[PDB]
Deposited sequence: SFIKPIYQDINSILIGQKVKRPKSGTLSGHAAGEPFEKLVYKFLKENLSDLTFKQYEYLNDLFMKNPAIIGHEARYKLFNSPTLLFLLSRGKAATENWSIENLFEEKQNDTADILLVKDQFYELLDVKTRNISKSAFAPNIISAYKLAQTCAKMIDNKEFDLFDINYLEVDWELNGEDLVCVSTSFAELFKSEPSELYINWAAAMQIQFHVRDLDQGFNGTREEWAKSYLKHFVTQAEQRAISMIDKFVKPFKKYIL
């Protein structure tokens, strides 16, 4: 992680800060690691602007130089072909990542999770367990085991008067967690869910092993969900029909 080494710095600047979008972690990152930091759409704009000679989606999709990163970051074919310096990508809540840090052809996908710590703790959607499954599949098929990390920054806040105030933060790395410990909440858009501060970081094996261990986990949890569907959505309603 490019962020981990300066976590103490970030934590100190965020705590006590106030919003009247605490995802102004971007501001700090952009101002301290200006060459590395992009919002996802910015990175895509940047990428395409720097290759004016490349037109149409097929060619622009080659710019990624990576099937896995293509899958994680790129917009759709029509959006890509229609892109121009006069028609730039804008932010979208559907984008995989909030912030991208990129250096030496290595990518850190950062996802900020904001959290009102005044309320009963509710583990947020982290990422589609299905998207992550495809990601691991693609990592394996293309042997891309040293290309990117997916990391999370929890920003805790509470209402104090007229404004929300940050009171703490946490940071963790998806690929340092034990895959079998990942909670997959099928109803909630098949999303993995955890609080960043609770994420175990004790995985010892390789990235490839992580990917293989995750796929086994995912496949296993899918089977369990299908079974659970009978018990929760079928059996209790049989009697009315």
Item checked: Where the deposited sequence has no C-alpha coordinates (positions from 1, in order) -> 21-35, 257
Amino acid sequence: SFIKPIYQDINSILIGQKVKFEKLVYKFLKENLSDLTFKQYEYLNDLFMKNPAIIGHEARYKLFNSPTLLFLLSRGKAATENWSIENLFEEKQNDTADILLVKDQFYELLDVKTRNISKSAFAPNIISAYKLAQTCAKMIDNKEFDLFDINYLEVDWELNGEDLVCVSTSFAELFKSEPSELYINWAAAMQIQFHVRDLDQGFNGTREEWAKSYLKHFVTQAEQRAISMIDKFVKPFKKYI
From here on, numbers count along this sequence of modelled residues.
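For clarity, a rigid core is taken as the largest C-alpha set superposing within 1.5 Å between two forms.
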Notebook entry, point to check: Out of 209-217 and 23-31, which shows the greater rigid core-aligned C-alpha deviation in 6 other deposited structures of this protein?
Noted result: 23-31
Margin query: Using only C-alpha atoms and the B-factors in the entry, which stretch averages higher, 102-110 or 155-163?
Written below: 155-163
Next item on the list: Decide which of the stretches 122-130 and 93-101 has the higher mean C-alpha B-factor, going by the entry.
Entry: 93-101
Item checked: Given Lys232, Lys23, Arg225, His217, the residue at which the Cα B factor reaches its maximum -> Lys23
Notebook entry, point to check: Looking at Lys212, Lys176, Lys30, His195, which has the highest Cα B-factor in the entry?
Noted result: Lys30
Notebook entry, point to check: How does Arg207 rank on Cα B-factor within its chain, lowest, middle or highest third?
Noted result: lowest
Next item on the list: Ordered by C-alpha B-factor within the chain, which third holds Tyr183? Give me lowest, middle or highest, please.
Entry: lowest
Next item on the list: Rank-wise, by C-alpha B-factor, drop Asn11 into the lowest, middle or highest third of its chain.
Entry: middle
Check: Lowest, middle or highest third: where is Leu69 by C-alpha B factor in its chain?
Finding: middle
Note to self: Splitting the chain's C-alpha B-factors into thirds, which one does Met139 fall into?
What the structure shows: middle
